[PDB]
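Written below as structure tokens is the structure these notes are about.
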2 protein chains.
Amino acid sequence: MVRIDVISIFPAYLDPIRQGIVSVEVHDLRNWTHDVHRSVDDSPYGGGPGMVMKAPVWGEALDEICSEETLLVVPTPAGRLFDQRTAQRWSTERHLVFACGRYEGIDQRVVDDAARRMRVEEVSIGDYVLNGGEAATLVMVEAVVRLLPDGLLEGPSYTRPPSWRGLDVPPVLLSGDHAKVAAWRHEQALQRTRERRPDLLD
Amino acid sequence: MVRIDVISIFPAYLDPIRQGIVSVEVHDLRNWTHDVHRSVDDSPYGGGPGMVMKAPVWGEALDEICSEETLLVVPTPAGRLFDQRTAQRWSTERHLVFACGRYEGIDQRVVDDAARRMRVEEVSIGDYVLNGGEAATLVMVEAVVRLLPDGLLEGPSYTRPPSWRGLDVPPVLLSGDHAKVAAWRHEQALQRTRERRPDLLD
Ligand SMILES: Nc1ncnc2c1ncn2[C@@H]1O[C@H](CSCC[C@H](N)C(=O)O)[C@@H](O)[C@H]1O
Ligand SMILES: Nc1ncnc2c1ncn2[C@@H]1O[C@H](CSCC[C@H](N)C(=O)O)[C@@H](O)[C@H]1O
């Protein structure tokens, strides 16, 4: 079984995450604060464009939630790119903890302290900016959980009816020789990949 | 104002999307079915590993929801990569419709028919596989809405206290000359980018 914990100051954003193999629990980071303000952020050392999430609150939360078996994931635009191989690799883990940042991110010493006792991966889901780690956590959790018990883009798929609004299903798919269908699909996959993702051809 | 419509067979997955500039409405695709089964999928022409979403249900839904001003987004792993420039560009639109696929995706003629009357972008959020377009829609909507009224990864940030669990904030950030802080941050950004995203240096 894989146990998944998510820590966030917007726990309700993880509501879709529910939709004996996997367990999910979402925690409010403000539960490990001790001040009337329930403060989780503070001013950046060196100056900066926003606030930074405090280390003591995070360390206290991670002390309670994680153990030596934990793989701690920190969603961040400064991370390694999430990919299918990463999702497969994480699917074998027994305990994933997703630490969701907001503001400008989490004080670096949270990760440095955690790495003393567990494994930690900082991961971006793509080259675009979100407000927080929660949506990235939804994507990574879904990608992983769907893996529990070539290199061309996929081309177009069709289903019935054979004609719809003057647009016909390509005849080779209707008149089906397996070899001809595969050939047609490979050509479509290659053209699509050239058009949309030339990086995948180098 | 930007009006955002999402169409999905799992409308509840778009619940976080709520958290005079932007309007969001989620629709159940099965509302445009007419059979007792509320069927939205059918067998792939040419053979295939799964079912394909029917065109007539989608065209009927898109007839009701879209107009000539609409930019229709189809989340798909076969799409162009979503990026920050795309999110900025979409933030200027007046009407975004997100067509969420499941199973093996949507019959290609849905996109071909829609492109007769509107603009259509097929977009992937990254090189990993989800079950459906709904989580990708959460990411793209968040990236866009946060834009409404260099090229190195960001390095580490710190906030108080200056020492925590034997880990000190780097002294240059505490003893702050603006030029020295910027220099230190540029070096950290460069090393981090080399380590985690060498593709960004080519
Ligand atoms: N592409 C991405 N992948 C993973 N997490 C991301 C992400 N984009 C943003 N995040 C999450 O969002 C948090 C804040 S990033 C946004 C910072 C702030 N709004 C600003 O002025 O830019 C990060 O710490 C990370 O947890
Ligand atoms: N990286 C990505 N970016 C955008 N949409 C994606 C995506 N990965 C999956 N999707 C969405 O998920 C839908 C089904 S893809 C999964 C297909 C099926 N479960 C299988 O056997 O592989 C796509 O049509 C698209 O809407």
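When a ligand or atom number is given, it counts from 1 through the structure's own listing order. Note on naming: letters A, B, ... go to the chains in the order of the sequence lines (proteins, then strands), and numbering restarts at 1 for each one.
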>> With heavy-atom distances below 4.0 Å as the criterion, list the atoms of ligand 1 near A:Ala136.
In response: 4 (C), 5 (N)

> Against heavy atoms of A:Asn131, which atoms of ligand 1 measure under 4.0 Å?
Replying inline: 12 (O), 13 (C), 14 (C)

>> When you measure from the heavy atoms of B:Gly50 to every atom of ligand 2, does any distance fall below 4.0 Å?
In response: no

> How far does CD1 of B:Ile7 sit from CD of B:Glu25, to the nearest 0.5 angstrom?
Replying inline: 10.0 Å

> Roughly how far apart are A:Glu134 CD and A:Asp15 CG, rounded to 0.5 Å?
Replying inline: 12.0 Å

> Has A:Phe82 got any heavy atom lying under 4.0 angstrom from an atom of ligand 1?
Replying inline: no

>> I'd like to know if A:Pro49 contacts ligand 1, where contact means a heavy-atom distance under 4.0 Å to any ligand atom.
In response: no

Could you tell me whether some N/O pair between [X] and ligand 2 is separated by less than 3.5 angstrom?
{"X": "B:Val123", "result": "no"}
{"X": "B:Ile125", "result": "yes"}
{"X": "B:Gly132", "result": "yes"}

> Is it true that B:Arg116 and B:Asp113 have a side-chain N and a carboxylate O under 4.0 angstrom from each other?
Replying inline: yes

> Considering only heavy atoms of B:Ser124, which atoms of ligand 2 have at least one such atom less than 4.0 Å away?
Replying inline: 1 (N), 2 (C), 3 (N), 4 (C)

> Near A:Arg146, which atoms of ligand 2 are under 4.0 Å from a heavy atom of that residue?
Replying inline: 19 (N), 20 (C), 22 (O)

> Hey, is A:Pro75 touching ligand 1 through its side chain, its backbone, both or neither, going by heavy atoms under 4.0 Å?
Replying inline: both

>> Would you say that more than 12 heavy atoms from the other residues, nucleotides or ligands in this model lie under 6.0 Å from the CD of A:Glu154, or not?
In response: no

> What orientation do B:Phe98 and B:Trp90 show, parallel under 30°, tilted 30 to 60°, or perpendicular over 60°?
Replying inline: perpendicular

